[PDB]
Amino acid sequence: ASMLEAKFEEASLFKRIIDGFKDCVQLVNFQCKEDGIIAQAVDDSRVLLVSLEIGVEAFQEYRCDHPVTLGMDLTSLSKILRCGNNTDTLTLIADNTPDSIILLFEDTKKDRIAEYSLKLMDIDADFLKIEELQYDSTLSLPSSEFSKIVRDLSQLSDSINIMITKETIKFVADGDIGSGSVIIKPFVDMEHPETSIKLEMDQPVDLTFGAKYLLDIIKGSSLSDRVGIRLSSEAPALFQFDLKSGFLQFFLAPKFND
Amino acid sequence: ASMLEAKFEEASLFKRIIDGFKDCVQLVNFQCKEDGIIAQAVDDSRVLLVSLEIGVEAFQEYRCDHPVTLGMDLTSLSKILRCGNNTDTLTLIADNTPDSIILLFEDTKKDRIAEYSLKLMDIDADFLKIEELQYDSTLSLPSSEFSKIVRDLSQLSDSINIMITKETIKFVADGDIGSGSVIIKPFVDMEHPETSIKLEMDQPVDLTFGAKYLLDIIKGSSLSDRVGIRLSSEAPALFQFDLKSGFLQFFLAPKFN
Amino acid sequence: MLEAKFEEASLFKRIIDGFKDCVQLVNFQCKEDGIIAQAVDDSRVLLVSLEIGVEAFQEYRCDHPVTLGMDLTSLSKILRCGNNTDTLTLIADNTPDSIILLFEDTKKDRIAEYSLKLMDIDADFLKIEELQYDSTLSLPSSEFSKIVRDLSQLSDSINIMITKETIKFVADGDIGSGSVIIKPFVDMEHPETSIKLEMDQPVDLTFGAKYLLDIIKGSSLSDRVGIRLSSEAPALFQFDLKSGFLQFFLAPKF
Amino acid sequence: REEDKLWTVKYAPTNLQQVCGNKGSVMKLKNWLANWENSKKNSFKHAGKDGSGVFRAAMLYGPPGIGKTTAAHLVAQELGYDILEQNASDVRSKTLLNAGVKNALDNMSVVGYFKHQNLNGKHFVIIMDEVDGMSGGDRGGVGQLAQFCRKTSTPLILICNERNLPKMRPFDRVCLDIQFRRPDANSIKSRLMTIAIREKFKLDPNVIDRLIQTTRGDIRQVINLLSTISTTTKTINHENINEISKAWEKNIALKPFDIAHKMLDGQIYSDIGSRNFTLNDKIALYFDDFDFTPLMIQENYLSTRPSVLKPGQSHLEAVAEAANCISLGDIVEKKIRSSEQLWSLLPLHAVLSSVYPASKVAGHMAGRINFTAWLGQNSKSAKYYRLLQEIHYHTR
Amino acid sequence: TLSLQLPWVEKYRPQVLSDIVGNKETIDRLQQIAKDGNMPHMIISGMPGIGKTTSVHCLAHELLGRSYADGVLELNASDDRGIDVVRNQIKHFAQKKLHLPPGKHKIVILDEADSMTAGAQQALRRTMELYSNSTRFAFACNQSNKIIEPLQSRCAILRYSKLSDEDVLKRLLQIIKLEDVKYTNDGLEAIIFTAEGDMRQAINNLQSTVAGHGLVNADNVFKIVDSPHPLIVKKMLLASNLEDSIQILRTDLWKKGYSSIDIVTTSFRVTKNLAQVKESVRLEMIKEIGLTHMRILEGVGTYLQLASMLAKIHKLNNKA
DNA sequence: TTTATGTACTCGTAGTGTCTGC
DNA sequence: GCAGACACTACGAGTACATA
Ligand SMILES: Nc1ncnc2c1ncn2[C@@H]1O[C@H](COP(=O)(O)OP(=O)(O)OP(O)(O)=S)[C@@H](O)[C@H]1O
Ligand SMILES: Nc1ncnc2c1ncn2[C@@H]1O[C@H](COP(=O)(O)OP(=O)(O)OP(O)(O)=S)[C@@H](O)[C@H]1O
Ligand SMILES: [Mg+2]
Ligand SMILES: [Mg+2]
């Protein structure tokens, strides 16, 4: 019996998590333990971090006897994920001291089980845990609105300045061809609570971010309908996308100001 | 509270108008007067003259203090214009001797406001005093049908030989790969008059046009259901799209005969 | 002396879309019973043959067999001009150096007539080798297309192996490996989607990924693709049409 | 708004007699452009003594800053034609040129309708500047321009710098060959006297010859030079002329003939010449045209009467010494252009192929510099090879 | 992680045209352009570190004190200086309507324009010819040979020259008065000799010496920075008595960890720029050093190859 | 018709994905 | 809902330079 046996319901899920950070990160590793399959990787430019956690609730049946590390190339993994249909059920299968995993695409509607194997990799990146817990501004806005804002402000310039005020969120994207200023205020939509925007302001925040990495952040807006930005000075921004059992939280380093 | 407060009531109309002639010309001068907004542009090949005029009735609230030139690049304008919604109401604003203009995208919900500044480009373009002359023939057909026919013929040759003789429009095209021809008959549709073909015969015509120029003209076919084309033997063609309170008329010069 | 008036130009459109990339120059040896054509790629490894009978045509009249050497890019442009509700009318003369493709609509609002010349392409050698094929399977074209695309992502050499009613498309590359097996599923409510196999003798054939991806473009012709394999004869991927069929001949590449 | 424009635009030729220098080129261009109508009705078959009838298009070439663009624009504007200027800032690849002015070659203007006696106001003149800026080569627009020259219904004017590019070959005789030269000192002198009167700065009538010869006849840099000098010191005389010359020498990259001509001079290798023209200067002279210089030295390293012979050394001995180093530098060139691609040996190749071989055969010449003949004989040898492997394939 | 003090290179970077010391005529011309306003297109060229881009930045600051952030475009090799980006950005900047003061024009600064592609320069030619009454270009390249001829035709060439030791000494004393530090005149002379006209090198050496020891003395300076290899190589080549050159090599280049390729290339450069000896001996020496360079690049890198090169050079010197 | 790898640039190309409206 | 229409990143092929 294979020691790692993780079953995915609605196998389009794992494809969505993989596509969430396929573009920004090229090399990841999955510390699979009894609690769940967590991951953490840093880009080649050492600007953006991608933490990840998938709880046992998201799996139909999860069993991981010993801690497993699965260093992987995200391009090949995403290609393997694209080799299937959302109707099929995906399973991760790994033996003791794994050289590769086994991915199964099974479905009872039609017996067309496809077994793929992806070669592992020795990343040897020990990293460290997150040591940021206190943030000044904690705001949550719908993922579609934030993705739209980032998309139409990235065309003007390469730097997007997010400013936080008393019940006022401001995005400034001054550039060569012009400028931009998106001002959105908190409101509670009773009819559609998912479209509401919340704000919790403690200390004023004024941080600028790169456009390309912020686009990479919003590329994960298909994963969850709401994103909670937690800004703070002298602290990376935390864009957390909630899952059914875990989360996909990003850490982005603000640009220097001089 | 400035010189110009031209406020479109529905922004996608302005987006369609700008996208109507986005590719053919890049630099355009927007003359803003009390009667309305009139714009004239000259193509890089000096064959296309995209004359534009928007009346005060099109704007929900048009208030121009005094006449002024607004020269802006169409690429930056199209980049900025992709920042709004269908319910968004454009609120273009210019100040005294403007170096930049604020495109305030207001919303029905008051907690969503987005203002964009656009840097004005200094353009030296001499004004063209067009004149009203009688053309040999005036053809009016639906813009969708005309666009379909011309995109059909442009996949065969770089030139189109428009012919109007014996109340029979004779769109033809001959190229290296082959030769194409389309014949239509003017009629009246009782079910939907906007799908009919209307033509008046004054003199015969012998006119020839290119392919990419006509594609750039039909790129703006979304504004009007039907296009009014007037043909003269020794005068430029006038492809005219009627707007709700204005028009977008193209002046395309026929080739040598 | 040719008058082949289709009832819908979309048939001819999807046929030419099927063989855009496998071959560029084709000689239309039209006959009374229909149109047949044979074509060989530049690599001399892929063979495509098309056949459309008169039963598909609303009208057809070909008294004299004429070999028509005709470009496919021009046909693609002319048939992208065409659309639904328009009845394409293939018309040729007694000595048709230029062809005519009349597009006739239901209404007289706009009727279009087109032309295209006939280039000189030598008549391809009509090899009629029909050696028996060891195993025969037929699966829906969408399933086969998905399988071949996903396995060609991994590697450039897809192995096809048939044994014990379980077809095992295995492609092994550098990023990993890929193995899909198909059981002979039978369906009652939807007989079109089924997998049936006639395994007379096991075969193990390897094909290149480029040609296996190229032959997919004919998936619009048929909802089902019939594949018959022989240990030494070229594989036969056949696409069912209303009247005739279009077939692909690719020799095994061990 | 004046007194902010450049001196090269405010003091620009407005009419045709303000273009100082190259009067013959301007009048020939005007004569060609004024008789294109009857030539068009003559089906470009019959031409006069000048041949303007059979030349459908005329191209302009010469050194910068002499008035090609200005003269072309004045001729186009004067005769009522509508200007249509192109440039390298607008991409002119196959796609953007086939979808560019290809339609406008057989089409008439639209702005001429509302601007109108003028009989040529409904026509186009294609002023294609910066055609040397298009380095596309194959499928880079040069073949498209050749096709345009073959078939255009409007006058076509091209402006470039010089013709010795292999890229510029397809325009050997399909286009008219009017050429501009360096303007004479008298016309420039009168123009600069007018400039000095207008800008109230002192300009001696004798320093102007040195100002022209330093700038190599480039009038635009001359006007810029006088402007920037007169900014802080508007009076120039014999005292500052040497400093101005040494600070504003033009420093043109030399022509492949000129590198060999300068390198074969015996004056530079003398004791006085070595001090004035250092070895680093000779290395830079080689690196000016490092592709053709090693050959161009070799084809005529023996056609020079020597002047640097060592006492007791014959001319043939010096030629043999030069040939030995040519052979030595051949190996260095092979090692540079090999699998390893050791491109740090180029300064070695300079000395081993051009400096040393010319250091033994310097002096006055027997004849004019002979172009590299190795290229043509290499082509003929390659054709002979191809024939031999062809007959070897056929004979088996 | 500790913080870092701002380096003296830009902590004392000049901000006024009177601060930079160098070619007096050039700086006076720049000041005259500053007072007048009508700046022409200029191409500033010279050796590295002699104050080229700082003069351009100071001139632009003086000309556009209030509108520097709006009407000055700064591009360099770090930006995507290609035909598409040059076309789009430079044409958007050159047509932008900005109401400058009557004597002030937009300034487009192109740092290190030598590494810029030919087609981009061809587009720049046309852009300069169109837009010259609103925007003025300003290049700053180490060598002006890379820039095409028409661009130099339409610009105003302004070349810098290596600073004399007096100007470097004056700037060094100015900085030493600005920040307190104990110095010895021998240390300052050693720093100036090591700099060889490069002011930035002098500032870096001074800062390194002050941080390492705290006293600007000759021994401290020679400890922080070694003697330049061109000088020791020139001493090796010029010296006769072959054994002396052999021991100079083995002591000051081999045991000091200098690669053989570096020694051979430095010898080539020194014997190319040498002036004490006649032309023919320089040519022969270049030939022999090139043979040794070929041997080294082929892979045979040892002490004996350099010793043989010196032996051949000395056999040449004694005229066989 | 020449060199002969690696690099950088430039272009047109074919897929790829997202938004409009029949 | 499906088919188009768009803009988008991506891949392929060709020119050009290679030390001051
Ligand atoms: N014959 C002339 N007499 C006086 N000034 C002249 C003359 N020719 C050119 N100029 C000056 O040069 C400016 C522009 O010359 P152009 O013809 O544009 O240079 P060019 O010949 O195009 O060289 P390029 O394009 O830079 S390679 C004019 O505005 C004048 O200031
Ligand atoms: N004339 C000068 N007066 C004062 N400081 C100077 C002078 N020239 C250079 N510097 C100093 O040198 C530094 C600036 O050097 P840069 O001008 O950036 O070098 P550069 O001229 O740009 O040469 P490159 O090609 O960029 S390496 C600062 O630390 C200045 O203080
Ligand atoms: Mg010119
Ligand atoms: Mg610099």
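Nothing in this text is a laboratory measurement; each read-out follows from the coordinates by a stated rule. Because the Cβ atoms are built from the backbone with ideal geometry, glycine has one as well, and the counts that use them run over all protein chains shown.
Taking only DSSP H segments of four or more residues, each worth -39500 (n - 2.57), what value at 222 nm results for chain D once the sum is divided by all its residues, to the nearest 500 deg cm²/dmol? Mind dumping the intermediate values first?
Numbers: 18 runs with 175 residues, N = 396.
Rounded to the nearest 500, it is -13000 deg cm²/dmol.
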>> As I understand it, the dipole of segment E:1-142 uses +1 on the Cβ of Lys and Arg and -1 on the Cβ of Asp and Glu, about the Cα centre. Which of E:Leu17, E:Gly103, E:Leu64 lies farthest toward its positive end?
In response: E:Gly103
> So which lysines pass the test for C:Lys117, namely a Cα distance under 18 Å, with those fewer than 8 places away in the same chain ruled out?
Replying inline: C:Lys77
> On a 0 to 90 degree scale, rounded to 10, what angle separates helix E:118-130 from the longest Cα axis of chain E?
Replying inline: 30 degrees
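Of the listed peptides C:175-181, B:63-69, what is their order by residue-averaged count of other C-beta atoms within 10 Å, with the highest listed first? Please list the in-between numbers first.
Values: C:175-181: 19.9, B:63-69: 13.7.
With the highest mean Cβ count within 10 Å placed first, the list reads C:175-181, B:63-69.
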> Can you give me the relative contact order of chain E as a percent, contacts being Cα pairs under 8 Å and 6 or more apart?
Replying inline: 17 percent
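Computed FRET efficiency, Cβ-Cβ of E:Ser259 and D:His261, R0 45 Å: what is it to the nearest 0.05? Working shown, then result.
Details: r = 40 Å, r/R0 = 0.90.
That pair, E:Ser259 with D:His261, gives E of 0.65.
In this model, which of E:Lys11/E:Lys182; A:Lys212/E:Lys96; E:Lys52/E:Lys182 are farther than 22 Å apart at the alpha-carbon?
Working: E:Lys11/E:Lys182 19 Å; A:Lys212/E:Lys96 26 Å; E:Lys52/E:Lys182 30 Å.
Checking Cα-Cα distances, A:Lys212/E:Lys96; E:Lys52/E:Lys182 exceed 22 Å.
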> Per-residue mean of other chain beta-carbon atoms within 10 angstrom of the beta-carbon, peptide C:172-182?
Replying inline: 6
> Normalised by the residues of chain A, what does the relative contact order come to in percent, with Cα pairs under 8 Å and at least six apart?
Replying inline: 21 percent
>> Residue by residue through segment A:120-132, what is 3J(HN,Hα) from phi via Karplus (6.51 cos²θ - 1.76 cosθ + 1.60, θ = phi - 60°)? Round to whole Hz and write x for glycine and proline.
In response: 7, 7, 9, 6, 6, 10, 6, 6, 6, 6, 6, 10, 10
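Let me have the relative contact order for segment E:1-163, percent, based on Cα pairs under 8 Å that are six or more residues apart. Mind showing how you got there, number by number?
Numbers: 226 pairs, mean separation 56.5, N = 163.
Once normalised by length, the contact order is 35 percent.
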> Of E:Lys223/E:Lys255; B:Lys170/C:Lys108; B:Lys119/D:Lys5, which ones are farther than 21 Å apart at the Cα?
Replying inline: B:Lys119/D:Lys5
> If you put +1 on each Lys and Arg Cβ and -1 on each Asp and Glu Cβ, how big is the dipole of segment E:1-163 around its Cα centre, in Debye rounded to 20?
Replying inline: 340 debye
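Would you compute, from DSSP H runs of 4+ residues alone, the mean residue ellipticity of chain E at 222 nm, taking -39500 (n - 2.57) per run and dividing by the full residue count, rounded to the nearest 500? Don't skip to the answer; put the middle values down first.
On the way: 16 runs with 177 residues, N = 320.
It lands at -17000 deg cm²/dmol.
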> In debye, nearest 20: dipole of segment E:164-227 around its Cα centre with unit charges on the Cβ of K, R (+) and D, E (-)?
Replying inline: 240 debye
>> Give the residue list of chymotrypsin sites (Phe, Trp or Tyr not before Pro) in segment D:42-83 that are DSSP loop and have at most 16 other beta-carbon atoms within 10 angstrom.
In response: D:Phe44
> If you find the alpha carbon centre of segment C:90-131 and of segment D:333-396, how far apart are they in angstrom?
Replying inline: 56 Å
> Over all residues in B:69-82, what is the mean tally of Cβ atoms on other chains that come within 10 Å of each residue's Cβ?
Replying inline: 3
> Taking the alpha-carbon centroid of each part, what is the distance from segment B:145-216 to segment D:1-74 in angstrom?
Replying inline: 42 Å
> Magnitude of the Cβ-charge dipole of chain B, K/R +1 and D/E -1, about the Cα centre, nearest 20 debye?
Replying inline: 580 debye
>> When a/c reaches 1.5 or more, the comparison of a/b and b/c decides; with that in mind, is segment E:164-227 rounded, prolate or oblate per its Cα gyration tensor?
In response: oblate
> Amide H to amide H, which residues 5 or more places from B:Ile169 or on other chains are under 5 Å from it, using H placed in the peptide plane?
Replying inline: B:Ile184
> Using the beta-carbon distance between E:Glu243 and E:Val300 and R0 = 22 Å, what value does 1/(1 + (r/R0)^6) give for FRET efficiency, to the nearest 0.05?
Replying inline: 0.40
>> Please enumerate, by chain and number, the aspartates and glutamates with C-alpha under 17 Å from the C-alpha of C:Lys20, excluding those fewer than 8 residues away in the same chain.
In response: C:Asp41, C:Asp42, C:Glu51, C:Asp71, C:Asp214
> Taking +1 at the Cβ of each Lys and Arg and -1 at the Cβ of each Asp and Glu, which of D:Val91, D:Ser359, D:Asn120 sits farthest along the dipole of chain D towards its positive end, judged by Cα position relative to the Cα centre?
Replying inline: D:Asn120
> Among E:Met294, E:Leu75, C:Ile121, which residue has its Cα positioned farthest towards the positive end of the charge dipole of the protein assembly as shown, with +1 placed on the Cβ of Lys and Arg, -1 on the Cβ of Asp and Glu, and the dipole taken about the Cα centre?
Replying inline: E:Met294
>> Shape verdict for chain B, please, from the Cα gyration tensor: rounded (a/c under 1.5), prolate (a/b greater than b/c) or oblate.
In response: prolate
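Which pairs, out of A:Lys219/B:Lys22; D:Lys282/E:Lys278; B:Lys15/E:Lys97; D:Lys250/E:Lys104; D:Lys246/E:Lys146; D:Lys94/D:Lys380, put more than 26 Å between their alpha-carbon atoms? Intermediate values should be presented prior to the final figure.
Numbers: A:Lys219/B:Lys22 29 Å; D:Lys282/E:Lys278 15 Å; B:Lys15/E:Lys97 24 Å; D:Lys250/E:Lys104 28 Å; D:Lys246/E:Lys146 20 Å; D:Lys94/D:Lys380 32 Å.
Exceeds cut-off: A:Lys219/B:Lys22; D:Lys250/E:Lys104; D:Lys94/D:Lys380.
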> To the nearest 10 degrees, how steeply does helix C:72-81 sit against the main Cα axis of chain C, on a 0 to 90 scale?
Replying inline: 70 degrees
>> Could you work out [θ]222 nm for chain A from helices alone, using -39500 (n - 2.57) per DSSP H run of at least four and dividing by all its residues? Round to the nearest 500 deg cm²/dmol.
In response: -4000 deg cm²/dmol
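Let me confirm one metric for peptide D:96-109, namely the mean number of other chain beta-carbon atoms within 10 Å of its residues' beta-carbons.
Values: counts 0, 0, 2, 6, 3, 4, 5, 10, 9, 2, 5, 13, 8, 6.
What the average comes to for D:96-109 is 5.
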> How far apart, in nm, are the 7 Å Cα→Cβ label points at E:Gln5 and A:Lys244?
Replying inline: 6.1 nm
> Under 13 Å from a point 7 Å along the Cα-to-Cβ line of C:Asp21: which residues of segment C:192-221 have their amide N that close?
Replying inline: C:209-219
> So if we plug the beta-carbon distance of B:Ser222 and E:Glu74 into 1/(1 + (r/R0)^6) with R0 = 41 Å, what FRET efficiency do we get, rounded to 0.05?
Replying inline: 0.50
> Listing D:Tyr301, E:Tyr131, C:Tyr114 from the residue with the fewest other Cβ atoms within 10 Å to the one with the most, what is the order?
Replying inline: E:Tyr131, D:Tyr301, C:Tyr114
